[PDB]
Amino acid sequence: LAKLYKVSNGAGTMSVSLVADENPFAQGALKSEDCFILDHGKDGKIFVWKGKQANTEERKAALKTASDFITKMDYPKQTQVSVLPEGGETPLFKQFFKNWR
């Protein structure tokens, strides 16, 4: 039910693109050069994961987009985007992935 999106300007424009809609996700889906949005907003769980090599524009776009998802998908009004750096992932985030190590 969760979806994972890439937020990157590496392809020439700033783009939010779906990378996973089958659960659980591959840990290797998270690429250090970009940011990712993990959307499980129906229960208020939305994450921005910031790759260590992503750029400032990607971080800002990922946070803006994750915030806009709350509004546009009618997620609960008190939902807070959880922002995590590569290497600082929490159990709540890792639970979405297969065999995180």
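All residue numbers are counted from 1 along the displayed sequence.
**Selection from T79, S82, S17, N23 [criterion: highest C-alpha temperature factor in the record]** = If I rank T79, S82, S17, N23 by C-alpha B-factor, first place goes to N23.
**Message:** For the chain shown, is the CA B-factor of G87 in the lowest, middle or highest third of its modelled residues?
**Reply:** Middle third of the chain for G87's C-alpha B-factor.
**Request:** Going by the recorded CA B-factors, say which third of the chain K94 sits in, lowest, middle or highest.
**Result:** CA B-factor rank for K94: middle third.
**Item:** Lowest, middle or highest third - CA B-factor, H40
**Value:** It belongs to the lowest third of the chain when residues are ordered by C-alpha B-factor.
**Request:** Could you say whether, by C-alpha temperature factor, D74 belongs to the lowest, middle or highest third of its chain?
**Result:** It falls in the top third of the chain.
**Request:** State the tercile, meaning the lowest, middle or highest third, of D34 with respect to the CA B-factors recorded for its chain.
**Result:** Answer is lowest: the recorded C-alpha B-factor places it there.
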